[PDB]
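Single-structure report; data block below.
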Amino acid sequence: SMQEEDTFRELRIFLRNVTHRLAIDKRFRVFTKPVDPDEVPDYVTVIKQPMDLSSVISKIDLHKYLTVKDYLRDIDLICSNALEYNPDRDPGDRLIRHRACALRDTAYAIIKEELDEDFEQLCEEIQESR
Ligand SMILES: CC(=O)c1csc(NC(=O)[C@@H](C)[NH3+])n1
Ligand SMILES: [Cl-]
Numbered sequence: 005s006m007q008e009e010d011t012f013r014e015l016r017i018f019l020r021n022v023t024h025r026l027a028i029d030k031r032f033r034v035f036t037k038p039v040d041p042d043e044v045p046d047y048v049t050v051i052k053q054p055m056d057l058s059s060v061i062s063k064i065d066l067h068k069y070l071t072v073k074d075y076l077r078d079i080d081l082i083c084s085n086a087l088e089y090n091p092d093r094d095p096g097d098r099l100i101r102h103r104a105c106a107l108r109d110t111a112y113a114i115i116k117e118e119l120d121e122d123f124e125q126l127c128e129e130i131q132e133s134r
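The sequence shown begins at 5 in the numbering used here and counts up by one.
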């Protein structure tokens, strides 16, 4: 229905706003673009499902997210990929892991404060009906 399309449009506006706030945070720069194979050739082979904030924006605009739960799965993937790719004790790896956890924690905190639970429930019920 048109009311349901309005609901998903509001969801997309909300998700673009959250994503923009993450993307402008200097700590999260490493997560804003796909990994360049010229700089890191072994990435594309170790990480089977890459994800980054630019790809998240593209997915919002392609209407790939019908709930915040599905968006958070991709935030979780950005973080889990970073932990997997940077598992060593060396400070470069530890810095990226700390930033990855901060990205995840920040996204969840914004959503806890700003997502209305009944709005998310409505999205989930529309999604389940299709
Ligand atoms: C997106 C991501 O997790 C990423 C990009 S480079 C990197 N790791 C390093 O640069 C190590 C070698 N210090 N991780
Ligand atoms: Cl840096």
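No residue lacks a Cβ here, since even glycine has one placed at the ideal position from N, Cα and C.
Checklist entry - Can the beta-carbon of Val-34 be found closer than 8 Å to that of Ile-114? => result It is not a contact, given that the beta carbons lie outside the stated cut-off.
Next on the checklist: I need the straight-line Cα distance from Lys-37 to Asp-56, nearest angstrom please.
Outcome noted: Each residue's Cα considered, the two are about 6 Å apart.
Checklist entry - How about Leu-119 and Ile-82: are their beta carbons less than 8 Å apart? => result Contact: no.
Checklist entry - Taking buried to mean at least 16 other C-beta atoms within 10 Å of its own C-beta, is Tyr-112 buried or exposed? => result Counting Cβ neighbours within 10 Å, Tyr-112 comes out exposed, since fewer than 16 surround it.
Checklist entry - Cβ-heavy atom distance between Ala-86 and ligand 1 below 7 Å? => result Residue side-chain check: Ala-86 places its Cβ nearer than 7 Å to a non-hydrogen atom of ligand 1.
Item to check | Cβ contact (3+ pairs, closer than 8 Å) linking the region 69–78 and the region 42–51 | outcome: Not touching, per the Cβ criterion.
Checklist entry - Taking just the CA atoms, how far does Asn-90 sit from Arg-25? => result Rounded to the nearest angstrom, the gap between the Cα atoms of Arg-25 and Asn-90 is 24 Å.
Item to check | Start-end ranges of the alpha helix (DSSP H) lying completely within the region 21–87, minimum 4 residues | outcome: Runs found: 47–50 and 57–65.
Next on the checklist: To the nearest angstrom, how far is the alpha carbon of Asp-42 from that of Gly-96?
Outcome noted: Roughly 19 Å between the two C-alpha positions.
Checklist entry - Are the beta-carbon atoms belonging to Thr-23 and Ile-64 less than 8 Å from one another? => result Yes; because the gap between Cβ atoms is below 8 Å, this pair is in contact.
Next on the checklist: What does the alpha-carbon distance come out to for the pair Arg-103 and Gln-53?
Outcome noted: Counting only the Cα atoms, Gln-53 lies some 19 Å from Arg-103.
Next on the checklist: Can you tell me whether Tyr-89 sits near ligand 3, meaning its C-beta is under 7 Å from at least one heavy atom of the ligand?
Outcome noted: Absence of ligand 3 is noted for the structure shown, with ligand 1 and ligand 2 being the only ligands found.
Item to check | C-alpha gap between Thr-11 and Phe-18, whole angstroms | outcome: Cα to Cα, the separation comes out at about 11 Å.
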